[PDB]
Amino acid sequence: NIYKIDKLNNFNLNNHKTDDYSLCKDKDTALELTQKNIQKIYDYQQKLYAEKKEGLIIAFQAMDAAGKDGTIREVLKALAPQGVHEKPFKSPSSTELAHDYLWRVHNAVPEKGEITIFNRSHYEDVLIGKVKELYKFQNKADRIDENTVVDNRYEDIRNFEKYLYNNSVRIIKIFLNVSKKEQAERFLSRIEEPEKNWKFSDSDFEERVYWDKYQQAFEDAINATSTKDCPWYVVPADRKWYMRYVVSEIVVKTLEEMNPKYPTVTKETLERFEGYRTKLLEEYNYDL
């Protein structure tokens, strides 16, 4: 489709507008379809957790004020608490930098049965990491050539994500594609609305100088890491209502692929359970 990228070297960011709304032009229709999706997401979550077969990472990667937290909140607040974690990837700590860049990411992968939301991800290491060439200023072995760091990261990311797939963990990778002007509108709202002032930071503003280089880094990453098993989704982010609709559709269709079910217990277990049932009935004279 128009938003799913599932092969390498097949992505042109200029062809993906930030304000496309072609799947559903009517805002109230989209709001309602979102609510239908959310109810199904809930139901699938309950089955996933009962079965304990397969985990799911829901990863959002986007510029500041593109919509990550608000999309996470509005679309996934319907989930029950059981088996859910949300992990924001912030500027790495000293300990995290002292380790390898996937250490903190792999640590947060969900168990089978569980859902982990990533607010940012391992892709920071080929986004800000690439744009600011952070590897040039970081401690590493003399034998690491700076000229292969980024290409090795794309290979290693491909390999890590495939390893996860092969071990019953799927990843949903969502790029919330916001325009520079819409970012500005949202920033002004963070400044002007006292309830939002806590969400604005110096680094939010400072990234704007590098806007075009970030766009290029996104394009490069999506070209390097989109596969059938681990696709990228490029979601127009200029309208929150439409972005929340599209994300709800991606999550529900991925859960449908996983097809979780309540487990069937073995015939032996069922016979033992029937024994316990009789004992319970006998204890209360069959008045239960």
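When you see a residue number, it is the position in the sequence shown, counting from 1.
*Asks:* Of the two stretches 268-276 and 13-21, which shows the higher Cα B-factor on average in the entry?
*Replies:* According to the PDB entry, the answer is 268-276.
*Asks:* For the C-alpha atoms alone, is the average B factor greater in 175-183 or in 198-206, going by the entry?
*Replies:* Of 175-183 and 198-206, the stretch with the higher C-alpha B-factor average is 198-206.
*Asks:* Checking the record values for 99, 136, 158, 73, which has the greatest CA B factor?
*Replies:* Answer for 99, 136, 158, 73: 136, with the highest C-alpha B-factor.
*Asks:* For the listed 261, 240, 53, 253, which has the peak Cα B-factor recorded in the PDB entry?
*Replies:* Largest recorded C-alpha B-factor: 261.
*Asks:* According to the PDB entry, is the CA B factor of residue 105 in the bottom, middle or top third of its chain, that is, lowest, middle or highest?
*Replies:* Lowest third.
*Asks:* Would you mind ranking residue 217 by its C-alpha B-factor against the rest of the chain and naming the third, lowest, middle or highest?
*Replies:* As the PDB entry reports it, the C-alpha B-factor of residue 217 lands in the middle third of its chain.
*Asks:* Please place residue 189 in the lowest, middle or highest third of its chain according to the CA B-factor in the PDB entry.
*Replies:* According to the entry, residue 189 has a C-alpha B-factor in the chain's middle third.
*Asks:* Using only modelled residues of the chain, where does the Cα B factor of residue 78 rank: lowest third, middle third or highest third?
*Replies:* As the PDB entry reports it, the C-alpha B-factor of residue 78 lands in the highest third of its chain.
*Asks:* Taking the C-alpha B-factors as the PDB entry records them, is residue 145 in the lowest, middle or highest third of its chain?
*Replies:* Residue 145: CA B-factor falls in the highest third of its chain.
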